[PDB]
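Input: a single structure, listed below in structure tokens.
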Amino acid sequence: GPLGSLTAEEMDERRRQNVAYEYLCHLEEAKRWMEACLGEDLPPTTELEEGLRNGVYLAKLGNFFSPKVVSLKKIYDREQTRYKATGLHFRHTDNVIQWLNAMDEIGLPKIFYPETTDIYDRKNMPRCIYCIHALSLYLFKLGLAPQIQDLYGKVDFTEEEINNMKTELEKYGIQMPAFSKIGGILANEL
């Protein structure tokens with residue numbers, strides 16, 4: 012059975028940083044929209060990056076709408092048991108490559124062509140989240156898929172995480188594009 016404790020406490024009022032708090036908050040949404048249509052107990056925000064890095068989620072997303080472009084039974088029994096054990100065995104990444112090919116379904120530009128080098132990095136992977144956000148309008152373009160809503164700022168976070176966020180994107184130079192203007196390239200060059 013499940014477990015847990017009973018505690019609650021905070022420091023700041025609303026948040027510490029705007030850019031950082033925006034990043035974390037975004038993740039909380041990316042999972043809400045994904046499960047909103049799919050329907051499955053997904054991991055938390057602090058572990059989200061740990062669940063997305065796995066190709067298992069890369070194929071599941073690239074198969075939920077385009078199960079053709081993506082091979083079948085690519086996922087490792089969709090259990091990710093061996094993963095939690097130690098981590099990636101240079102086999103899960105395979106599912107990632109497929110997801111990248113899914114773009115060929117419509118012929119998206121290069122701006123939406125994330126590399127595996129970023130997906131196989133348990134420290135930085137903005138192109139991953141960002142891309143997942145654009146996928147919303149993508150399907151909504153050649154289909155009638157739902158559109159992600161914007162309401163970041165309803166779920167607070169820790170001080171060590173938020174502060175660490177802006178930090179990781181202060182030296183590594185994490186490209187922070189405008190989520191408001193994502194479908195501006197593919198729209199021009201159809």
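Numbering (this note's numbering), first residue to last: 12 to 201. Built from N, CA and C at the ideal position, the CB exists for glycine as well.
Spatially closest choice to residue i from the options, by CA coordinates
{"i": "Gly-118", "options": "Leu-35, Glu-33, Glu-200, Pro-13", "result": "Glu-200"}
{"i": "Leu-153", "options": "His-100, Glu-116, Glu-33, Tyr-68", "result": "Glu-116"}
{"i": "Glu-24", "options": "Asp-167, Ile-193, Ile-185", "result": "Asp-167"}
{"i": "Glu-60", "options": "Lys-71, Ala-41, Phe-76", "result": "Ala-41"}
{"i": "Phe-190", "options": "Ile-143, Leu-99, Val-81", "result": "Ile-143"}
{"i": "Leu-197", "options": "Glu-126, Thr-57, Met-114, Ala-156", "result": "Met-114"}
{"i": "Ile-108", "options": "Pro-188, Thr-97, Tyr-94, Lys-71", "result": "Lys-71"}
{"i": "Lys-182", "options": "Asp-161, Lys-134, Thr-169", "result": "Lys-134"}
{"i": "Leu-111", "options": "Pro-125, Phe-76, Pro-78", "result": "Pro-125"}
{"i": "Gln-28", "options": "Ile-193, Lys-79, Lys-177, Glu-51", "result": "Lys-177"}
{"i": "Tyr-94", "options": "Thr-56, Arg-64, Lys-79", "result": "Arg-64"}
{"i": "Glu-20", "options": "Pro-55, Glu-58, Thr-169", "result": "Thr-169"}
{"i": "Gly-50", "options": "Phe-75, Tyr-131, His-100", "result": "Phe-75"}
{"i": "residue 216", "options": "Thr-18, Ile-122, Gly-194, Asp-52", "result": "The displayed coordinates of the chain run from 12 to 201. Any statement about residue 216 would go beyond what the structure contains."}
{"i": "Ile-185", "options": "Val-80, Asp-132, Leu-162", "result": "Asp-132"}
{"i": "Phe-123", "options": "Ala-145, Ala-47, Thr-104", "result": "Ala-145"}
{"i": "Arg-43", "options": "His-100, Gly-62, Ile-159, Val-81", "result": "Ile-159"}
{"i": "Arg-89", "options": "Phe-101, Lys-79, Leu-69", "result": "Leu-69"}
For residue i, three-class secondary structure by DSSP
{"i": "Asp-115", "result": "helix"}
{"i": "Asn-135", "result": "coil"}
{"i": "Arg-93", "result": "helix"}
{"i": "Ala-145", "result": "helix"}
{"i": "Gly-184", "result": "coil"}
{"i": "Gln-158", "result": "coil"}
{"i": "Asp-105", "result": "helix"}
{"i": "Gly-12", "result": "coil"}
{"i": "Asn-199", "result": "coil"}
{"i": "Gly-194", "result": "coil"}
{"i": "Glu-21", "result": "coil"}
{"i": "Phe-76", "result": "coil"}
{"i": "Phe-151", "result": "helix"}
{"i": "residue 10", "result": "Residue 10 lies beyond the residue range present for the chain, which begins at 12 and ends at 201; the question has no answer from this structure."}
{"i": "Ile-140", "result": "helix"}
{"i": "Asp-129", "result": "helix"}
Per-residue burial, residue i [other beta carbons within 10 Å of its own, 16 or more giving buried]
{"i": "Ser-147", "result": "buried"}
{"i": "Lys-165", "result": "exposed"}
{"i": "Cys-36", "result": "buried"}
{"i": "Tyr-87", "result": "buried"}
{"i": "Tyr-32", "result": "buried"}
{"i": "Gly-73", "result": "buried"}
{"i": "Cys-139", "result": "buried"}
{"i": "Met-45", "result": "buried"}
{"i": "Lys-85", "result": "buried"}
{"i": "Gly-66", "result": "buried"}
{"i": "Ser-16", "result": "exposed"}
{"i": "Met-136", "result": "buried"}
{"i": "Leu-155", "result": "exposed"}
{"i": "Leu-38", "result": "buried"}
Residue i Cβ short of 7 Å to the ligand GDP heavy atom set
{"i": "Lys-71", "result": "The ligand GDP is not part of the structure shown, which contains no ligands of any sort."}
field: Contained alpha helix (DSSP H) runs [length at least 4] in the segment 32 to 63, N- to C-terminal order
entry: Runs of the alpha helix (DSSP H) inside the segment 32 to 63: 56 to 63.
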